[PDB]
Amino acid sequence: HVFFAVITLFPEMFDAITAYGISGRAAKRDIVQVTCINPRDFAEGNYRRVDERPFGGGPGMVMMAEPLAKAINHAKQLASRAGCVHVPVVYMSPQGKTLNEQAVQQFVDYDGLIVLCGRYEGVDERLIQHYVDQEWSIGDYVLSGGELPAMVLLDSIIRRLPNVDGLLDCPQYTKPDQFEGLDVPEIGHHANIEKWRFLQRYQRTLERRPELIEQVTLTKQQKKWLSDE
Amino acid sequence: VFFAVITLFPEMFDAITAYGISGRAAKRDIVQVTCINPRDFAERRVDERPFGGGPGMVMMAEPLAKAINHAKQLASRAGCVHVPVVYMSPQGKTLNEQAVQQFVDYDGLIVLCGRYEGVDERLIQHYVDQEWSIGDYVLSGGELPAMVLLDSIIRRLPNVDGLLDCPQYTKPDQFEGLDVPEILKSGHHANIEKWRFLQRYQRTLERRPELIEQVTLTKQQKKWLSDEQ
């Protein structure tokens, strides 16, 4: 029962992953659990403010440390009460390490995560220093908030959970036999098809991501296929 | 600005149309997002086994072609001059901030969200103008990348340098023993802008040193660096 707690101002956004698709199915089956924590519940004031003007000037608002600290502490206690051994706090920001497939595989071994979704134009650095264990970026583009990266991370993990090579995929075809004048390649036999599929993958990787060829490990059979062509 | 997404899960797109800054833009009709389910254009399966054999299912071209064409007629009826059809897949060029700025020059987008284990190559050949990947990780579907693309564009629309951002601070003055840097607390225009720039440069150097090679510094910033180095 992998445990997920997200610190977000918009908990309902996570219906996009908890109510649909393969991730929704895992939540409905309780293979995973997603609990959203609104930092406003830990804010002071009739407007439950979590943002304040930046020290040193400049535009925008910064997320206050105190509401985020109380919310993450609440998340940690929920995780302990759920029977988790340890749950790291992940902060999604463009300043994090680059998420990739190798990084996602490491998360599968976890009991769960606390994912902190920032809003406004920053999060108080002292909160990051004291409460964040890991910082991850899904890409070098700027988004309005951390919710979508959080969902990307969660979807990428849940997708790999039980009960739920470095080359690019090759082109794929399905019915009809002819579409708008374009036919399926005639290539059939099982052996000769797998050879064709591999040669298509290598070239596609070669044409589009040639830096990945340096880091691919080919079987003895695949090495022979390359030399034969 | 016109946005059309081809998705089996239209409801997922509530995360951008109903919350946050993008939701505010949608409520104010600064943008419009229309979801098109390919299931409505089947005569109602949308997936079938691959021609060459092997595991998985491929999204059929004919339902997607009717849906993409239906999307095209909706965009023309809205008066858009040029609307590229973008396909979100891990085999695409990597989205970044430079690419997102390039989208602003468009009248609108048709974004194609794949599911299952592929899309028929002939549909891509005939209907897709651009193919973009948000990262080198595997997700259960194209919806989350589509929302990532939509959010980063909508955020930059009117009426809505290569270094990492520098740290940010707000009240209280001291949090869990950590103080706000005095330069932010009591500094002026010049000495703060110098501090923020040196923080950005160092943070980029420590965390993303490959980005230093592609930054072009003003004479003012070059002087700030040499005064420290």
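Residues numbered from 1 in each chain as written, not as in the entry; some residues may be left out. Chains lettered and ligands numbered in written order. Heavy atoms only, no water. Residues with missing side-chain atoms left out of burial classes, pairs and counts.

Structure determination for this entry is recorded as X-ray crystallography, at 2.5500 Å resolution.

1. Thoughts on the environment of B:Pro84
Residue and element names in this part refer to chain B. Among the secondary structure elements, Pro84 is positioned in the loop between α3 (61-77) and β5 (85-94). According to the relative accessible area criterion, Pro84 is buried, its value standing at 8%. Separated by 52 residues in sequence, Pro84 and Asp136 place their C-alpha atoms 23 Å apart. (Helix = DSSP H or I, 4+ residues; strand = E, 2+ residues; numbered from the N terminus. Buried < 20%, exposed > 50% of the residue type's maximum accessible area, 1.4 Å probe, protein only.)

2. Observations regarding α3(B)
An ideal rise of 1.5 Å per residue puts 24 Å on 17 residues; α3(B) measures up with 24 Å between its terminal C-alpha atoms. Following α3(B) by one or two positions, B:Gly79 adopts a phi angle in the positive range, close to 90 degrees. (Expected span 1.5 Å × (residues − 1).)

3. A short note on the environment of B:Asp129
All names here are of chain B. Looking at where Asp129 falls in the secondary structure, it is placed in the loop between α5 (121-127) and β7 (130-133). Overall, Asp129 belongs to the exposed group, its relative accessible area being 55%. Measuring from C-alpha to C-alpha, the distance between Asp129 and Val86 comes to 6.0 Å, with 43 residues separating the pair along the chain. In contact with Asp129, other than residues within four places in its own chain, are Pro84 and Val85. (Contact = heavy atoms within 4.5 Å.)

4. A short note on the UniProt feature "binding site: S-adenosyl-L-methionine" (unreviewed entry) in chain A
Sequence positions flagged by UniProt for "binding site: S-adenosyl-L-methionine" (unreviewed entry) are, in local numbering, A:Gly118, A:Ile138, A:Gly139, A:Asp140, A:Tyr141, A:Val142 and A:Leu143. Of note, A:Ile138 is situated in the loop between β7 (134-137) and α6 (147-158). Apart from residues no more than four positions distant in its own chain, A:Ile138 is found in contact with A:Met92, A:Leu99, A:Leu143, A:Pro149, A:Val152, B:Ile134, B:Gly135, B:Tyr137 and B:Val148. Tracing the chain through its elements places A:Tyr141 in the loop between β7 and α6. We classify A:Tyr141 as buried; its relative accessible area is 2%. The residues touching A:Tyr141, leaving out its near neighbours within four places in the chain, are A:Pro94, B:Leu95, B:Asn96, B:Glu97, B:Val100, B:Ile134, B:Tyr137 and B:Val148. (UniProt positions renumbered as here; feature names shortened; annotations may be inferred.)

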